[PDB]
Amino acid sequence: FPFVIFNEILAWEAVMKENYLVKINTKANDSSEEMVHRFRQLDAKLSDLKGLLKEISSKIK
Amino acid sequence: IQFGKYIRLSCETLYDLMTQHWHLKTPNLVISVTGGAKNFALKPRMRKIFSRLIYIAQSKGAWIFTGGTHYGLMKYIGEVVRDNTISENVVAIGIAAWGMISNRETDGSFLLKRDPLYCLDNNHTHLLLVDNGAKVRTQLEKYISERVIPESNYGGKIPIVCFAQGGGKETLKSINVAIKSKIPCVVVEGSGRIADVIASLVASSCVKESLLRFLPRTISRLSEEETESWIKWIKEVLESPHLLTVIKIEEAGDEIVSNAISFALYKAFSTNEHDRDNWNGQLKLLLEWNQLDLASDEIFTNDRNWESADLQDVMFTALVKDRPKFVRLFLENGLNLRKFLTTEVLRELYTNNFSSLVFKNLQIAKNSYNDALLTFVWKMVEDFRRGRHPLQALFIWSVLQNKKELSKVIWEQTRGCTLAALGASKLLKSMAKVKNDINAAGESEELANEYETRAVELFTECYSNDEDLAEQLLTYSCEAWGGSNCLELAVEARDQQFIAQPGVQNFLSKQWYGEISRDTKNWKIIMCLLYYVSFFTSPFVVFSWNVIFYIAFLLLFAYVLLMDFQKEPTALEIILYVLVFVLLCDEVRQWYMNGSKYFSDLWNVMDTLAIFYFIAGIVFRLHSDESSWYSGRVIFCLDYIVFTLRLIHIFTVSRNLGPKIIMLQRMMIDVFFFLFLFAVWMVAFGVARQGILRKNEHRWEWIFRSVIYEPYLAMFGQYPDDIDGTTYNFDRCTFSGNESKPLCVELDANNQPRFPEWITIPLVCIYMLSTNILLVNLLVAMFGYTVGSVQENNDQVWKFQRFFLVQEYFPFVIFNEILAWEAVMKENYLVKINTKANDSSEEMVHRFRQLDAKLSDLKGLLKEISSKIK
Amino acid sequence: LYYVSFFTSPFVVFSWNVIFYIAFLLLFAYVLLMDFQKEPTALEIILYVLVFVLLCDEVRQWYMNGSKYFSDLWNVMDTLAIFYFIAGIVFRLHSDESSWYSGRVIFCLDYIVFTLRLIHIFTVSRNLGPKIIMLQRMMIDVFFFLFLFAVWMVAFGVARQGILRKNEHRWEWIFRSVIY
Amino acid sequence: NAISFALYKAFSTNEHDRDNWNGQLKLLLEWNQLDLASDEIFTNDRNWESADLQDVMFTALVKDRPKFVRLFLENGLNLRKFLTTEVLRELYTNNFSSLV
Amino acid sequence: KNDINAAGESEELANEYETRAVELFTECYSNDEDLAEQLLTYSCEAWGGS
Ligand SMILES: CC(C)CCC[C@@H](C)[C@H]1CC[C@H]2[C@@H]3CC=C4C[C@@H](OC(=O)CCC(=O)O)CC[C@]4(C)[C@H]3CC[C@]12C
Ligand SMILES: CC(C)CCC[C@@H](C)[C@H]1CC[C@H]2[C@@H]3CC=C4C[C@@H](OC(=O)CCC(=O)O)CC[C@]4(C)[C@H]3CC[C@]12C
Ligand SMILES: CC(C)CCC[C@@H](C)[C@H]1CC[C@H]2[C@@H]3CC=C4C[C@@H](OC(=O)CCC(=O)O)CC[C@]4(C)[C@H]3CC[C@]12C
Ligand SMILES: CC(C)CCC[C@@H](C)[C@H]1CC[C@H]2[C@@H]3CC=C4C[C@@H](OC(=O)CCC(=O)O)CC[C@]4(C)[C@H]3CC[C@]12C
Ligand SMILES: CC(C)CCC[C@@H](C)[C@H]1CC[C@H]2[C@@H]3CC=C4C[C@@H](OC(=O)CCC(=O)O)CC[C@]4(C)[C@H]3CC[C@]12C
Ligand SMILES: [Ca+2]
Ligand SMILES: [Ca+2]
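Chains as they are written, first to last, in PDB author numbering: chain A, 1003 to 1008, 1040 to 1094; chain B, 97 to 99, 106 to 113, 118 to 193, 198 to 216, 224 to 228, 236 to 257, 266 to 334, 341 to 525, 549 to 690, 716 to 995, 1003 to 1008, 1040 to 1094; chain C, 716 to 895; chain D, 397 to 496; chain E, 596 to 645.
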């Protein structure tokens, strides 16, 4: 006891860190617990429906 | 080149260069049409898609054709290719245009501050430079798609996918000449200029209603004669939508690339008009990719052309390539698993695809932990390796290799699924105990705790129906799949949740009370202590008449030891020699009802040395010498403790003492910490207490009477009774070394006690503070946390060892419809599993999909009425 | 050289520093009780070597760190363990029983400080380990208890002297009856 | 989101500042309108070089525009090239607050 | 500590980047652990001291 006294690893992280930063900046979008964004996507065609009937209203008259 | 290889081409033999001199032939080819994007919005969704794309391309070993320059997506493609190649292989060939390269040289190294030219990308290892004064790239698309590979399930043809995301004329032209060529499988995305136009369109004026919301600032720079030509291209692009696939913004899920690549590769495979008859190739194509919902809807939902007899070669490759949802799809559409699992198919499953890393891990278990079911499977796995309920043999194959989702599929096809959910938990707990890995160990224990909870909810559903039918399942060997029944198989694997459940606990209480009508009262049976003889058949009474025999054994062993035990062994002392032989014979029987798990029990060691010290007591007694006859009585006295402390372990059945005695075996780490602190404090104080006395001999053992023993009595209250001052040399001490009194305080010429007494008095008062208060009262808190923490676990532990005490069952003692009932109830269980994923239904986003299915039908019906008025 | 590579892991280097330390305390025990004559005997000098080893091992902890070594609390106690030991050799080598006995008392009081290092050495053991660090959280519960006990001792002990009455009381018969 | 949208809609339609994407970016940087700066300025690949994106980057750091620092890096900006020895000197002497 | 809300928020962000490094390393360790354990020994081109 007194004798005691007297490349590939970086590339491996770069793939896995990239999948981490991807997983962060989309999980705010993968929250998605409200269909109020999908509610916005519904009424995008209801203006197109009434406008297409307004365009056919000029063709009969 | 230095910043790879390059070549300056001119507008077939290109492919002869890239393969015979350069790298390997490919089973895939993904092409990202861009390159003019010196500026590119690398959004996290566009970053997600092209990072999962190259990971997909590395599983198959593709080439990737990009723009080749150092900006935008091609810089990002090369960065993800380079990191994936270092950590099959992806080659990222760039195809640039040689008039747009900045610093042309003619092993040449490559290197103005606002140049409109392009820097070459560093991480494209092979570059193609087209000379002039897009064409040869699309011709290289058409040649590789016509290149015939015989070892493929695509019909050959080297599956080519084109990824369109950007905009401009240079890609809009490159989608037409893609689609004009056969099999481009162009895939568009919902982010970009042109790729957002073609995504929205899936009339000549209706096209220009789009592409001005998406490309408003390039048509104002365009002539009127060219915007009809731009409309003319998107006319031809939208002509064949079976080569166009969209990755929508709303599908921001997982595997959105492989659900877009394989959908594009299937849409250009089902429309060749000679492979539409070939449903086999479309199934093997849909099996490499994980597209299950396309393989069900497009292949199996017509009843068109199959026999469920050539569904076997696609089944064998669905097992070994880990397709758990496709094993389930082949069994839903008709596949006899007891006929598919021949003796040859299991031989090809146990020799080749059974990984030898698992088989060497079972070679570890042949010496480390020798069990009874492990030696049952070793003959079976080495039966086929040396080349019967075979469906459970496939279940063994899938649970050993930790295939979690596949084993849940094969579990639902067994005939005892109530049984095999425990035997899988036994095999998995063996492998999770042989620890050479950490995440593989931490997941194999997880799946062992899935199949244990799977067997728990099975049995509570079994028990909430007819319980005598449910209790009859626990006794079946079940055509000898395992060694033992469903009840003992949870015991060998220590499935404590399965025995703490109220079905088994009510079963064991019925088996312990025996023929006695259960729940009379516990008092009335003791008041009752060939119908009179059948009372004395229940193991509750056989237990009680082994306690009464044991207490009367101890009362005889008491009376022999105190009033009897003369020089020769008297009359009653011989009856004690008979009663220890009975307890010796009862431990011979426990060496006969078990081989070596009897020795694995701790308390079945203590009762052997209880007999071993007793038979040593008869040896020291029969010597007729008081130098040895008295030491015979001392061994019999010390043996009385070991026999009386067996009355603790006998009363672990009592439902009141029972949990508390097993609770007592959890305090032994709180005690051994307390004894460690107390022994160090005893030696530190007891040796420093000898700054009072001073001599050289001290008997070698007057030290331990004063250094160890006298501070030991201070814990129960002794407090240095008359050595710590104003107690002179009147008695208790010798000055000499005789007699056995502890020797005197060191003195002076004044014959005064030399010890300073301002040091020894606060030394004792510190020690009496610590070990009597700052230590024992600490032990209560560490006891008090233990009963707070392990109490809900001790109930499961006591209910677990409650089985062995019922399993154990006076010298006269020593010397069809049930399967049909489970088949209905198991069928309602497997129905309830595979629809509860659909009965989750907590989001109306599926109903949101059902809403807009008619809004296209509404606007289209108004488009159809628009032609009738005009 | 496979037998020697067993003795390279720090688990064994820890164990052979415990066995050395326990045998240091067993020698320090046997010197303090049966030995320790007027001149320092044969075995007593081997104790002077073993305290120099623990002095050199604290020099090394003053060399693997500069001042975070002193920021540790338990790396202060083992320095005054050596400092009271080297003070013990000073009071011993005087050849005067007025001072030679007080050399043995310092060596006796030093035996507590060296034995209470065996508490801090066994904070690795995964069983005693959490509980010894748990023991350093009770010192605010104890110092509250000692505060309540000392105020109750003085309030009762002084009011216990509506029994006796004198004027001198040695200045220290009070503490034998009011506190002790 | 209503003031800056109104100020942008009357800035992109002057027919002499529609060529000036630099002024429409500095306008959209004072207000925190990120989704308008992405969709209306960066989603055409119309006219920038990612070399005069540096003066708008330096004012996106010192005026605490965290979502616009992210927007300039998504659309191409070499941060190891933008952070010269001079830019860090102008970041450690002036905008590095001396209370810190 | 000369402020209170600035102190109570600077300790919060220190506990964000600590939990950010924890979920990084559990993702590092659930992959190849000898690769993950080799990260803990790198000076990493001498950014910090240790
Ligand atoms: C000199 C020696 C050999 C005589 C032995 C004396 C005791 C060791 C024996 C005789 C009386 C026994 C007890 C008599 C009554 C029972 C109640 C029994 O608890 C229950 O029955 C639970 C239900 C209930 O509350 O009644 C558990 C064992 C116990 C305590 C026995 C424990 C061991 C005892 C104390
Ligand atoms: C002079 C001597 C021989 C007479 C002493 C009488 C005992 C030897 C008898 C009378 C009460 C008996 C006990 C009464 C009931 C208990 C609890 C019983 O455990 C139970 O699970 C039933 C009680 C419950 O479940 O609440 C096991 C037997 C036991 C220990 C019996 C063991 C033997 C006992 C102690
Ligand atoms: C903090 C509390 C909870 C702990 C209580 C500590 C006391 C139990 C100890 C600490 C100091 C001790 C005293 C310190 C030294 C003296 C003198 C001693 O007599 C002499 O040494 C004579 C010296 C002289 O006067 O010349 C007798 C014991 C006595 C009273 C001790 C009595 C008990 C005391 C008060
Ligand atoms: C006169 C003096 C100097 C002699 C010293 C006697 C004790 C201070 C020593 C000798 C025996 C030692 C113990 C022997 C065995 C171990 C077990 C060890 O615990 C474990 O190994 C945990 C794993 C397990 O349960 O085995 C912790 C230290 C401990 C208690 C030691 C603590 C200190 C002890 C009591
Ligand atoms: C006459 C004297 C010299 C003989 C006394 C024997 C002890 C000096 C030896 C035998 C048991 C040893 C101990 C056995 C195992 C422990 C626990 C070990 O801590 C662990 O983490 C391993 C145990 C675990 O992780 O459960 C550290 C060393 C230690 C204290 C060892 C220290 C030295 C000990 C006490
Ligand atoms: Ca037994
Ligand atoms: Ca130290």
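We treat Cβ as the ideally placed atom computed from N, Cα and C, and that holds for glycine.
Would residue i and residue j qualify as a contact pair, given that the criterion is a beta-carbon distance under 9 Å?
i: residue 371 of chain B; j: residue 314 of chain B; result: no
i: residue 771 of chain B; j: residue 497 of chain B; result: no
i: residue 143 of chain B; j: residue 178 of chain B; result: yes
i: residue 925 of chain B; j: residue 879 of chain B; result: no
i: residue 267 of chain B; j: residue 278 of chain B; result: no
i: residue 192 of chain B; j: residue 1058 of chain A; result: no
i: residue 317 of chain B; j: residue 280 of chain B; result: no
i: residue 769 of chain C; j: residue 797 of chain C; result: yes
i: residue 988 of chain B; j: residue 818 of chain B; result: no
i: residue 648 of chain B; j: residue 665 of chain B; result: yes
Using a Cβ cut-off of 7 Å, pull out every chain B residue sitting near residue i, in sequence order please.
i: residue 1071 of chain A; result: 1069, 1072
i: residue 1076 of chain A; result: The premise fails here: residue 1076 of chain A is roughly 10 Å from chain B at the closest Cβ pair, so nothing lies under 7 Å.
Pick from the options: whose alpha carbon is nearest that of residue i?
i: residue 399 of chain D; options: D:409, D:423, D:480, D:446; result: D:423
i: residue 499 of chain B; options: B:521, B:468, B:563; result: B:563
i: residue 175 of chain B; options: B:673, B:366, B:147, B:241; result: B:241
i: residue 137 of chain B; options: B:296, B:250, B:1048, B:185; result: B:296
i: residue 974 of chain B; options: B:930, B:330, B:846; result: B:846
i: residue 494 of chain B; options: B:519, B:510, B:482, B:480; result: B:519
i: residue 624 of chain B; options: B:120, B:729, B:588, B:1046; result: B:1046
i: residue 791 of chain C; options: C:887, C:835, C:875, C:869; result: C:835
i: residue 593 of chain B; options: B:630, B:517, B:507; result: B:507
i: residue 503 of chain B; options: B:516, B:747, B:744; result: B:516
i: residue 951 of chain B; options: B:918, B:871, B:886; result: B:871
i: residue 433 of chain D; options: D:417, D:488, D:477, D:492; result: D:417
i: residue 597 of chain B; options: E:628, E:633, E:644, E:637; result: E:628
Applying a beta-carbon distance threshold of less than 8 Å, which residues of chain E neighbour residue i?
i: residue 836 of chain B; result: Per Cβ cutoff of 8 Å: no residues; residue 836 of chain B is ~48 Å from chain E at best.
With 16 as the cutoff for other CB atoms within 10 Å, does residue i come out buried or exposed?
i: residue 642 of chain B; result: buried
i: residue 257 of chain B; result: exposed
i: residue 571 of chain E; result: The requested residue 571 of chain E is not part of the displayed model; chain E covers only 596 to 645.
i: residue 779 of chain C; result: exposed
i: residue 1061 of chain A; result: exposed
i: residue 291 of chain B; result: buried
i: residue 851 of chain C; result: exposed
Could you tell me which chain C residues have their CB closer than 9 Å to the CB of residue i, listed as they occur along the chain?
i: residue 1003 of chain A; result: 728, 731, 732, 735, 768
Starting from residue i, find everything on chain A with Cβ-Cβ shorter than 8 Å and list it in chain order.
i: residue 186 of chain B; result: 1048, 1051
i: residue 772 of chain C; result: 1007
Could you tell me which chain A residues have their CB closer than 9 Å to the CB of residue i, listed as they occur along the chain?
i: residue 1093 of chain B; result: 1089, 1092, 1093
Could you list which residues in chain D have their beta carbon closer than 7 Å to that of residue i, in chain order?
i: residue 178 of chain B; result: 472
Looking at chain G, is there any beta carbon in it that lies within less than 9 Å of the beta carbon of residue i?
i: residue 954 of chain B; result: No chain G appears in this structure, whose protein chains are A, B, C, D and E.
Listing by chain order, which chain D residues have their CB less than 8 Å from the CB of residue i?
i: residue 149 of chain B; result: 470
Considering only heavy atoms of ligand 4, list every residue whose Cβ is less than 6 Å from one of them, following chain order.
Residues flagged by the Cβ proximity filter: B:862, B:865, B:866, B:869, C:737, C:740, C:741, C:744, C:833, C:837, C:840, C:842, C:843.
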